[PDB]
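Structure file model01.pdb; described as PDB, C-alpha atoms (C1' of nucleotides) and all ligand atoms.
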```
ATOM      1  CA  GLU A  10      82.660 -87.947   3.120  1.00  0.00           C
ATOM      2  CA  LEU A  11      81.124 -88.042   6.600  1.00  0.00           C
ATOM      3  CA  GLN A  12      80.794 -84.395   7.487  1.00  0.00           C
ATOM      4  CA  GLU A  13      79.820 -83.969  11.108  1.00  0.00           C
ATOM      5  CA  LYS A  14      78.902 -81.043  13.287  1.00  0.00           C
ATOM      6  CA  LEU A  15      77.737 -80.642  16.860  1.00  0.00           C
ATOM      7  CA  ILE A  16      74.435 -78.808  17.197  1.00  0.00           C
ATOM      8  CA  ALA A  17      74.108 -78.283  20.941  1.00  0.00           C
ATOM      9  CA  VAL A  18      76.002 -79.120  24.128  1.00  0.00           C
ATOM     10  CA  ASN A  19      73.984 -78.867  27.317  1.00  0.00           C
ATOM     11  CA  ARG A  20      74.878 -79.352  30.976  1.00  0.00           C
ATOM     12  CA  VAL A  21      72.492 -81.479  33.027  1.00  0.00           C
ATOM     13  CA  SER A  22      72.523 -82.245  36.714  1.00  0.00           C
ATOM     14  CA  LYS A  23      71.681 -85.130  38.994  1.00  0.00           C
ATOM     15  CA  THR A  24      71.187 -84.732  42.736  1.00  0.00           C
ATOM     16  CA  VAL A  25      72.654 -87.130  45.299  1.00  0.00           C
ATOM     17  CA  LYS A  26      73.155 -87.239  49.055  1.00  0.00           C
ATOM     18  CA  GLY A  27      76.384 -85.322  48.637  1.00  0.00           C
ATOM     19  CA  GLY A  28      75.194 -82.610  46.307  1.00  0.00           C
ATOM     20  CA  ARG A  29      74.712 -82.176  42.581  1.00  0.00           C
ATOM     21  CA  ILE A  30      76.370 -84.281  39.890  1.00  0.00           C
ATOM     22  CA  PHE A  31      76.879 -82.430  36.651  1.00  0.00           C
ATOM     23  CA  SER A  32      77.337 -84.049  33.271  1.00  0.00           C
ATOM     24  CA  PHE A  33      77.222 -82.989  29.648  1.00  0.00           C
ATOM     25  CA  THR A  34      75.062 -84.090  26.731  1.00  0.00           C
ATOM     26  CA  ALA A  35      76.105 -83.512  23.117  1.00  0.00           C
ATOM     27  CA  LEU A  36      73.743 -83.649  20.146  1.00  0.00           C
ATOM     28  CA  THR A  37      75.763 -84.177  16.963  1.00  0.00           C
ATOM     29  CA  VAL A  38      74.808 -84.880  13.348  1.00  0.00           C
ATOM     30  CA  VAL A  39      76.825 -86.589  10.625  1.00  0.00           C
ATOM     31  CA  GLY A  40      76.048 -87.180   6.981  1.00  0.00           C
ATOM     32  CA  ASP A  41      77.654 -88.006   3.683  1.00  0.00           C
ATOM     33  CA  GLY A  42      76.322 -85.104   1.610  1.00  0.00           C
ATOM     34  CA  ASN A  43      74.593 -87.478  -0.833  1.00  0.00           C
ATOM     35  CA  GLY A  44      71.478 -88.373   1.143  1.00  0.00           C
ATOM     36  CA  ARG A  45      72.670 -90.103   4.285  1.00  0.00           C
ATOM     37  CA  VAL A  46      72.185 -88.270   7.574  1.00  0.00           C
ATOM     38  CA  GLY A  47      72.230 -89.505  11.155  1.00  0.00           C
ATOM     39  CA  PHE A  48      72.052 -87.792  14.534  1.00  0.00           C
ATOM     40  CA  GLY A  49      73.556 -88.919  17.801  1.00  0.00           C
ATOM     41  CA  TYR A  50      73.043 -87.956  21.436  1.00  0.00           C
ATOM     42  CA  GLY A  51      75.960 -88.721  23.754  1.00  0.00           C
ATOM     43  CA  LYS A  52      76.323 -88.206  27.501  1.00  0.00           C
ATOM     44  CA  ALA A  53      79.493 -88.086  29.554  1.00  0.00           C
ATOM     45  CA  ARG A  54      80.944 -86.319  32.557  1.00  0.00           C
ATOM     46  CA  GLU A  55      83.027 -84.082  30.289  1.00  0.00           C
ATOM     47  CA  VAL A  56      82.258 -82.382  27.001  1.00  0.00           C
ATOM     48  CA  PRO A  57      84.866 -84.002  24.701  1.00  0.00           C
ATOM     49  CA  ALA A  58      83.947 -87.494  25.863  1.00  0.00           C
ATOM     50  CA  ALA A  59      80.274 -86.663  25.399  1.00  0.00           C
ATOM     51  CA  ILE A  60      80.945 -85.429  21.868  1.00  0.00           C
ATOM     52  CA  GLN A  61      82.857 -88.588  20.981  1.00  0.00           C
ATOM     53  CA  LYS A  62      80.025 -90.777  22.250  1.00  0.00           C
ATOM     54  CA  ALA A  63      77.541 -88.710  20.257  1.00  0.00           C
ATOM     55  CA  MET A  64      79.668 -88.952  17.119  1.00  0.00           C
ATOM     56  CA  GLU A  65      79.911 -92.735  17.351  1.00  0.00           C
ATOM     57  CA  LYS A  66      76.150 -93.008  17.821  1.00  0.00           C
ATOM     58  CA  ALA A  67      75.480 -90.666  14.895  1.00  0.00           C
ATOM     59  CA  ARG A  68      77.904 -92.487  12.593  1.00  0.00           C
ATOM     60  CA  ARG A  69      75.913 -95.604  13.233  1.00  0.00           C
ATOM     61  CA  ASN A  70      72.144 -95.646  12.630  1.00  0.00           C
ATOM     62  CA  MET A  71      72.170 -93.297   9.654  1.00  0.00           C
ATOM     63  CA  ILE A  72      69.236 -93.130   7.216  1.00  0.00           C
ATOM     64  CA  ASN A  73      68.955 -92.647   3.456  1.00  0.00           C
ATOM     65  CA  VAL A  74      67.072 -89.679   1.992  1.00  0.00           C
ATOM     66  CA  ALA A  75      65.755 -89.292  -1.562  1.00  0.00           C
ATOM     67  CA  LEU A  76      67.319 -86.057  -2.782  1.00  0.00           C
ATOM     68  CA  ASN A  77      66.402 -84.534  -6.130  1.00  0.00           C
ATOM     69  CA  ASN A  78      69.348 -82.558  -7.512  1.00  0.00           C
ATOM     70  CA  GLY A  79      70.524 -81.299  -4.161  1.00  0.00           C
ATOM     71  CA  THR A  80      67.070 -80.241  -2.982  1.00  0.00           C
ATOM     72  CA  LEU A  81      63.945 -81.699  -1.433  1.00  0.00           C
ATOM     73  CA  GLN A  82      61.641 -83.931  -3.406  1.00  0.00           C
ATOM     74  CA  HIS A  83      58.383 -82.258  -2.339  1.00  0.00           C
ATOM     75  CA  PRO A  84      57.200 -80.032   0.519  1.00  0.00           C
ATOM     76  CA  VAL A  85      57.275 -82.148   3.662  1.00  0.00           C
ATOM     77  CA  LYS A  86      56.034 -81.696   7.228  1.00  0.00           C
ATOM     78  CA  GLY A  87      57.477 -83.542  10.185  1.00  0.00           C
ATOM     79  CA  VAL A  88      56.605 -83.879  13.852  1.00  0.00           C
ATOM     80  CA  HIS A  89      58.422 -85.161  16.927  1.00  0.00           C
ATOM     81  CA  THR A  90      56.677 -84.632  20.052  1.00  0.00           C
ATOM     82  CA  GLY A  91      56.797 -80.859  20.538  1.00  0.00           C
ATOM     83  CA  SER A  92      58.795 -80.051  17.392  1.00  0.00           C
ATOM     84  CA  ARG A  93      56.614 -79.648  14.306  1.00  0.00           C
ATOM     85  CA  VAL A  94      58.691 -78.731  11.279  1.00  0.00           C
ATOM     86  CA  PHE A  95      57.979 -77.594   7.718  1.00  0.00           C
ATOM     87  CA  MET A  96      60.460 -77.752   4.859  1.00  0.00           C
ATOM     88  CA  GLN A  97      59.982 -76.892   1.204  1.00  0.00           C
ATOM     89  CA  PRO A  98      62.186 -77.351  -1.886  1.00  0.00           C
ATOM     90  CA  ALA A  99      63.508 -74.165  -3.431  1.00  0.00           C
ATOM     91  CA  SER A 100      65.178 -72.934  -6.597  1.00  0.00           C
ATOM     92  CA  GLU A 101      68.903 -73.417  -7.111  1.00  0.00           C
ATOM     93  CA  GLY A 102      70.742 -70.574  -5.415  1.00  0.00           C
ATOM     94  CA  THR A 103      68.265 -70.108  -2.579  1.00  0.00           C
ATOM     95  CA  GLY A 104      70.629 -71.618  -0.020  1.00  0.00           C
ATOM     96  CA  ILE A 105      69.552 -73.290   3.202  1.00  0.00           C
ATOM     97  CA  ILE A 106      66.938 -70.998   4.778  1.00  0.00           C
ATOM     98  CA  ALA A 107      66.672 -72.980   7.993  1.00  0.00           C
ATOM     99  CA  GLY A 108      66.902 -72.467  11.744  1.00  0.00           C
ATOM    100  CA  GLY A 109      69.788 -73.638  13.864  1.00  0.00           C
ATOM    101  CA  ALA A 110      69.550 -77.383  14.458  1.00  0.00           C
ATOM    102  CA  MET A 111      67.559 -77.621  11.262  1.00  0.00           C
ATOM    103  CA  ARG A 112      70.279 -75.897   9.236  1.00  0.00           C
ATOM    104  CA  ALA A 113      72.920 -78.267  10.591  1.00  0.00           C
ATOM    105  CA  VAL A 114      70.910 -81.407   9.879  1.00  0.00           C
ATOM    106  CA  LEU A 115      70.027 -80.295   6.362  1.00  0.00           C
ATOM    107  CA  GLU A 116      73.589 -79.260   5.537  1.00  0.00           C
ATOM    108  CA  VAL A 117      75.185 -82.518   6.605  1.00  0.00           C
ATOM    109  CA  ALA A 118      72.398 -84.408   4.832  1.00  0.00           C
ATOM    110  CA  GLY A 119      73.402 -82.652   1.622  1.00  0.00           C
ATOM    111  CA  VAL A 120      70.427 -80.450   0.749  1.00  0.00           C
ATOM    112  CA  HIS A 121      71.743 -77.237  -0.799  1.00  0.00           C
ATOM    113  CA  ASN A 122      68.459 -75.396  -1.477  1.00  0.00           C
ATOM    114  CA  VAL A 123      65.673 -75.527   1.104  1.00  0.00           C
ATOM    115  CA  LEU A 124      63.132 -73.274   2.798  1.00  0.00           C
ATOM    116  CA  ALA A 125      62.487 -74.476   6.339  1.00  0.00           C
ATOM    117  CA  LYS A 126      60.685 -73.329   9.452  1.00  0.00           C
ATOM    118  CA  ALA A 127      60.480 -74.951  12.897  1.00  0.00           C
ATOM    119  CA  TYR A 128      57.053 -74.493  14.451  1.00  0.00           C
ATOM    120  CA  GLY A 129      56.155 -75.590  17.945  1.00  0.00           C
ATOM    121  CA  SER A 130      58.984 -76.256  20.354  1.00  0.00           C
ATOM    122  CA  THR A 131      62.482 -75.497  19.101  1.00  0.00           C
ATOM    123  CA  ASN A 132      64.246 -77.866  21.450  1.00  0.00           C
ATOM    124  CA  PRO A 133      67.317 -78.917  19.402  1.00  0.00           C
ATOM    125  CA  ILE A 134      67.126 -82.684  19.952  1.00  0.00           C
ATOM    126  CA  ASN A 135      63.418 -82.928  19.220  1.00  0.00           C
ATOM    127  CA  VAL A 136      63.701 -80.570  16.252  1.00  0.00           C
ATOM    128  CA  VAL A 137      66.516 -82.637  14.768  1.00  0.00           C
ATOM    129  CA  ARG A 138      64.503 -85.789  15.324  1.00  0.00           C
ATOM    130  CA  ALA A 139      61.530 -84.205  13.538  1.00  0.00           C
ATOM    131  CA  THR A 140      63.624 -83.088  10.576  1.00  0.00           C
ATOM    132  CA  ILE A 141      65.253 -86.495  10.145  1.00  0.00           C
ATOM    133  CA  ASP A 142      61.848 -88.176  10.277  1.00  0.00           C
ATOM    134  CA  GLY A 143      60.454 -85.808   7.657  1.00  0.00           C
ATOM    135  CA  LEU A 144      63.447 -86.275   5.376  1.00  0.00           C
ATOM    136  CA  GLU A 145      63.242 -90.047   5.739  1.00  0.00           C
ATOM    137  CA  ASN A 146      59.554 -90.270   4.872  1.00  0.00           C
ATOM    138  CA  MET A 147      59.864 -88.003   1.788  1.00  0.00           C
ATOM    139  CA  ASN A 148      59.590 -90.287  -1.257  1.00  0.00           C
ATOM    140  CA  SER A 149      60.879 -89.743  -4.790  1.00  0.00           C
ATOM    141  CA  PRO A 150      59.040 -90.067  -8.119  1.00  0.00           C
ATOM    142  CA  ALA A 151      60.600 -93.459  -8.791  1.00  0.00           C
ATOM    143  CA  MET A 152      59.146 -94.546  -5.451  1.00  0.00           C
ATOM    144  CA  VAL A 153      55.685 -93.219  -6.296  1.00  0.00           C
ATOM    145  CA  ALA A 154      55.866 -94.901  -9.704  1.00  0.00           C
ATOM    146  CA  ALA A 155      56.780 -98.195  -8.065  1.00  0.00           C
ATOM    147  CA  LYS A 156      53.923 -97.920  -5.564  1.00  0.00           C
ATOM    148  CA  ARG A 157      51.186 -96.986  -8.013  1.00  0.00           C
ATOM    149  CA  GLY A 158      52.250 -99.432 -10.722  1.00  0.00           C
ATOM    150  CA  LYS A 159      53.001 -96.925 -13.443  1.00  0.00           C
ATOM    151  CA  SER A 160      55.968 -95.454 -15.213  1.00  0.00           C
ATOM    152  CA  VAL A 161      57.628 -92.376 -13.817  1.00  0.00           C
ATOM    153  CA  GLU A 162      56.742 -90.638 -17.085  1.00  0.00           C
ATOM    154  CA  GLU A 163      53.015 -91.243 -16.563  1.00  0.00           C
ATOM    155  CA  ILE A 164      53.206 -89.542 -13.156  1.00  0.00           C
ATOM    156  CA  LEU A 165      55.803 -86.830 -13.850  1.00  0.00           C
TER     157      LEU A 165
ATOM    158  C1'   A B   1      62.316 -62.447 -23.799  1.00  0.00           C
ATOM    159  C1'   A B   2      61.545 -60.827 -18.464  1.00  0.00           C
ATOM    160  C1'   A B   3      58.160 -58.888 -14.330  1.00  0.00           C
ATOM    161  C1'   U B   4      56.351 -63.820  -6.924  1.00  0.00           C
ATOM    162  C1'   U B   5      63.730 -66.463  -6.254  1.00  0.00           C
ATOM    163  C1'   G B   6      59.815 -67.356  -1.183  1.00  0.00           C
ATOM    164  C1'   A B   7      59.496 -68.685   5.042  1.00  0.00           C
ATOM    165  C1'   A B   8      66.273 -68.862  10.408  1.00  0.00           C
ATOM    166  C1'   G B   9      65.914 -68.109  15.545  1.00  0.00           C
ATOM    167  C1'   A B  10      67.875 -66.734  20.685  1.00  0.00           C
ATOM    168  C1'   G B  11      67.641 -65.484  26.194  1.00  0.00           C
ATOM    169  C1'   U B  12      64.456 -66.196  30.437  1.00  0.00           C
ATOM    170  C1'   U B  13      60.432 -70.705  35.218  1.00  0.00           C
ATOM    171  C1'   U B  14      63.667 -76.049  37.011  1.00  0.00           C
ATOM    172  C1'   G B  15      68.812 -79.246  41.093  1.00  0.00           C
ATOM    173  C1'   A B  16      68.163 -81.054  36.022  1.00  0.00           C
ATOM    174  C1'   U B  17      64.180 -82.545  31.999  1.00  0.00           C
ATOM    175  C1'   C B  18      60.289 -82.270  28.455  1.00  0.00           C
ATOM    176  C1'   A B  19      55.733 -79.473  27.497  1.00  0.00           C
ATOM    177  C1'   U B  20      52.607 -75.279  28.077  1.00  0.00           C
ATOM    178  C1'   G B  21      52.953 -70.241  28.449  1.00  0.00           C
ATOM    179  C1'   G B  22      54.047 -65.168  28.788  1.00  0.00           C
ATOM    180  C1'   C B  23      58.082 -61.265  28.865  1.00  0.00           C
ATOM    181  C1'   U B  24      62.631 -59.671  26.267  1.00  0.00           C
ATOM    182  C1'   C B  25      66.127 -59.503  21.967  1.00  0.00           C
ATOM    183  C1'   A B  26      68.155 -59.913  16.890  1.00  0.00           C
ATOM    184  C1'   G B  27      65.146 -56.926  11.198  1.00  0.00           C
ATOM    185  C1'   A B  28      62.783 -53.273   8.521  1.00  0.00           C
ATOM    186  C1'   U B  29      60.624 -48.395   8.796  1.00  0.00           C
ATOM    187  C1'   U B  30      59.385 -42.723  10.404  1.00  0.00           C
ATOM    188  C1'   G B  31      56.595 -35.859   8.782  1.00  0.00           C
ATOM    189  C1'   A B  32      60.111 -38.036  14.181  1.00  0.00           C
ATOM    190  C1'   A B  33      62.302 -35.743  18.972  1.00  0.00           C
ATOM    191  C1'   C B  34      66.413 -35.510  22.555  1.00  0.00           C
ATOM    192  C1'   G B  35      72.059 -36.257  23.799  1.00  0.00           C
ATOM    193  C1'   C B  36      77.144 -36.094  21.801  1.00  0.00           C
ATOM    194  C1'   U B  37      79.381 -34.566  17.420  1.00  0.00           C
ATOM    195  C1'   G B  38      79.521 -32.296  12.632  1.00  0.00           C
ATOM    196  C1'   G B  39      83.289 -30.906   5.957  1.00  0.00           C
ATOM    197  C1'   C B  40      80.805 -30.678   1.010  1.00  0.00           C
ATOM    198  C1'   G B  41      77.197 -31.601  -2.658  1.00  0.00           C
ATOM    199  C1'   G B  42      72.593 -33.747  -5.309  1.00  0.00           C
ATOM    200  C1'   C B  43      67.253 -35.098  -4.767  1.00  0.00           C
ATOM    201  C1'   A B  44      63.186 -35.000  -1.534  1.00  0.00           C
ATOM    202  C1'   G B  45      60.803 -33.455   3.152  1.00  0.00           C
ATOM    203  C1'   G B  46      59.734 -29.674   7.001  1.00  0.00           C
ATOM    204  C1'   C B  47      52.985 -27.253  12.962  1.00  0.00           C
ATOM    205  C1'   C B  48      51.688 -34.567  13.630  1.00  0.00           C
ATOM    206  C1'   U B  49      49.986 -30.197  19.110  1.00  0.00           C
ATOM    207  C1'   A B  50      45.878 -24.898  19.589  1.00  0.00           C
ATOM    208  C1'   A B  51      39.852 -26.000  13.219  1.00  0.00           C
ATOM    209  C1'   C B  52      44.284 -21.349  19.247  1.00  0.00           C
ATOM    210  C1'   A B  53      44.491 -15.652  18.738  1.00  0.00           C
ATOM    211  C1'   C B  54      46.476 -12.902  14.878  1.00  0.00           C
ATOM    212  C1'   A B  55      50.550  -6.901  14.089  1.00  0.00           C
ATOM    213  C1'   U B  56      52.538  -6.010   8.823  1.00  0.00           C
ATOM    214  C1'   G B  57      53.275  -6.806   3.549  1.00  0.00           C
ATOM    215  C1'   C B  58      51.502  -9.379  -0.603  1.00  0.00           C
ATOM    216  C1'   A B  59      47.839 -14.017  -2.618  1.00  0.00           C
ATOM    217  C1'   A B  60      42.414 -11.339  -8.686  1.00  0.00           C
ATOM    218  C1'   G B  61      42.270  -8.826 -11.935  1.00  0.00           C
ATOM    219  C1'   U B  62      41.648  -7.259 -16.760  1.00  0.00           C
ATOM    220  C1'   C B  63      39.470  -5.082 -21.504  1.00  0.00           C
ATOM    221  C1'   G B  64      39.741   2.072 -24.543  1.00  0.00           C
ATOM    222  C1'   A B  65      38.783  -3.291 -30.473  1.00  0.00           C
ATOM    223  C1'   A B  66      31.435  -2.212 -25.463  1.00  0.00           C
ATOM    224  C1'   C B  67      30.466   3.160 -23.542  1.00  0.00           C
ATOM    225  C1'   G B  68      30.300   8.397 -21.977  1.00  0.00           C
ATOM    226  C1'   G B  69      34.880  10.539 -21.049  1.00  0.00           C
ATOM    227  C1'   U B  70      39.968  13.169 -19.673  1.00  0.00           C
ATOM    228  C1'   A B  71      42.184  13.208 -13.332  1.00  0.00           C
ATOM    229  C1'   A B  72      47.152  12.769 -15.133  1.00  0.00           C
ATOM    230  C1'   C B  73      50.982  12.109 -18.268  1.00  0.00           C
ATOM    231  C1'   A B  74      53.456  12.230 -23.562  1.00  0.00           C
ATOM    232  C1'   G B  75      53.139  14.621 -27.658  1.00  0.00           C
ATOM    233  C1'   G B  76      51.661  17.646 -31.428  1.00  0.00           C
ATOM    234  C1'   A B  77      48.162  21.640 -33.321  1.00  0.00           C
ATOM    235  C1'   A B  78      45.643  26.922 -33.006  1.00  0.00           C
ATOM    236  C1'   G B  79      46.433  31.557 -30.187  1.00  0.00           C
ATOM    237  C1'   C B  80      50.208  33.643 -28.888  1.00  0.00           C
ATOM    238  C1'   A B  81      54.658  36.956 -25.794  1.00  0.00           C
ATOM    239  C1'   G B  82      61.095  37.078 -25.449  1.00  0.00           C
TER     240        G B  82
HETATM  241 MG    MG C   1      47.442 -29.310  11.939  1.00  0.00          MG
END
```
Go ahead and render the structure in this file as structure tokens.
Amino acid sequence: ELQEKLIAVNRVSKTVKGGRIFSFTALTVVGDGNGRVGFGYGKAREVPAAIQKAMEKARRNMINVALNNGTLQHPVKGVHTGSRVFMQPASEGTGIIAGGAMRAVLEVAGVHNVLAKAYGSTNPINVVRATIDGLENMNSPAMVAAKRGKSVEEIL
RNA sequence: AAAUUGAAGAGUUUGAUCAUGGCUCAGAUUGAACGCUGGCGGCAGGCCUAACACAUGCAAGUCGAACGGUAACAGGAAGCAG
């Protein structure tokens, strides 16, 4: 029912004639726990405002994910520029074995049993982007059946 | 019947950013040592260095059913003296 959680809040600076201008960026992630997950990156002069902006962004532009019984559909890799991510379905009771950002994104998405690792850069925004991309691309057996022109029973 | 149920990151370069890239940390372990402290038990372990030098005691004897035998001991026998 739209569970949301803020991964990282980071202070960034701009320089002007006067001096430095600080502002805050908030990376949040929302999801319905049934497949839908979406991340948002808001910027404002103060943290709460930034978070609100991020939340609105995340709530819009969500994406559907094919989940098989609260777990992944197959082992999937994902990249986004520096962040290359691996995530593998695991037996019921394994829990989310996943990094920071990754854990958040998976949890809001609704995966209950995963084995993840973040290779490459572990920059939260890029890592979240990578995970969402991987989750999105991951197809289900009904999808493969549709593509190949067979029944799901012939493929298994 | 069961005996692979298995994979987490963080700090640190920049006014800020992403990347590269090192350093550091979170875990487990030990024939450990040192500091402070210290009640009991169970089960293990205990010269990693000088294969350096070694006082002293012990760590390989046994068989008389292989053999001459009796140093003893322990006993009887024969000779005896009270
Ligand atoms: Mg030695």
Convert the output of the PyMOL selection byres (((not hetatm)) within 10 of (chain C and resi 1)) on the shown file into explicit residues, formatted as a PyMOL selection string.
chain B and resi 47-51
Which residue out of A:146, A:140, A:92, A:77 has the minimum interatomic distance to residue 121 in chain A when only C-alpha atoms are used?
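Nearest candidate to residue 121 in chain A out of A:146, A:140, A:92, A:77: A:77.
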Can you list what the PyMOL selection byres (((chain A and resi 45) around 12) and not hetatm) grabs from this structure, as an NGL selection string?
:A and (10-13 or 38-44 or 46-48 or 67-76 or 114-120 or 141 or 144-145)
Selection: 7 Å around range 109-112 of chain A, all atoms listed in the file, excl. self and same-chain fewer than 4 positions, as a list in words:
residues 16, 105, 116, 133, 136, 137 and 140 of chain A; 8 and 9 of chain B
Could those residues be written to a file, using C-alpha atoms (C1' of nucleotides), as a PDB file, keeping the file's coordinate frame?
```pdb
ATOM      1  CA  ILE A  16      74.435 -78.808  17.197  1.00  0.00           C
ATOM      2  CA  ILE A 105      69.552 -73.290   3.202  1.00  0.00           C
ATOM      3  CA  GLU A 116      73.589 -79.260   5.537  1.00  0.00           C
ATOM      4  CA  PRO A 133      67.317 -78.917  19.402  1.00  0.00           C
ATOM      5  CA  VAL A 136      63.701 -80.570  16.252  1.00  0.00           C
ATOM      6  CA  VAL A 137      66.516 -82.637  14.768  1.00  0.00           C
ATOM      7  CA  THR A 140      63.624 -83.088  10.576  1.00  0.00           C
TER       8      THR A 140
ATOM      9  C1'   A B   8      66.273 -68.862  10.408  1.00  0.00           C
ATOM     10  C1'   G B   9      65.914 -68.109  15.545  1.00  0.00           C
TER      11        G B   9
END
```
Shell around residue 14 in chain B at 12 Å using only C-alpha atoms (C1' of nucleotides), local window under 3 positions removed, as a list in words:
residues 21 and 22 of chain A; 17 and 18 of chain B
Any idea which chain B residues end up within 8 Å of chain A if we count only C-alpha atoms (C1' of nucleotides), as a count of residues only please?
8
Pairwise distance, CA of residue 54 in chain A with CA of residue 18 in chain A, equals 12.1 Å
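Proximity of A:64, A:59, A:123, A:88 to residue 138 in chain A, computed with all atoms listed in the file, is greatest for A:88.
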Find the axis-aligned box for range 63-74 of chain B, covering all its listed atoms and adding 6 Å on each side, and write its centre and edge lengths in Å to one decimal as AutoDock Vina command-line options.
```
--center_x 41.9 --center_y 4.1 --center_z -21.9 --size_x 35.2 --size_y 30.3 --size_z 29.1
```
What's the separation between CA of residue 148 in chain A and CA of residue 83 in chain A, in Å to one decimal place?
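That distance, rounded to one decimal, is 8.2 Å.
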Applying 7 Å and all atoms listed in the file, which residues near residue 66 in chain A remain after dropping the ones on its own chain fewer than 3 positions away? List them as a ChimeraX atom specification.
/A:49-50,62-63,69
Starting from the displayed file, determine the output of the PyMOL selection byres (((chain B and resi 24) around 8) and not hetatm) and express the residue list as a list in words.
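So the PyMOL selection byres (((chain B and resi 24) around 8) and not hetatm) ends up selecting residues 11, 12, 23 and 25 of chain B.
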To one decimal in Å, tell me the separation between CA of residue 129 in chain A and CA of residue 36 in chain A.
19.5 Å
For residue 60 in chain A, list every protein, DNA or RNA residue within 9 Å, evaluated using only C-alpha atoms (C1' of nucleotides), and leave out those in the same chain fewer than 3 positions away; present the list as a ChimeraX atom specification.
/A:15,18,33-37,50-53,55-57,63-65
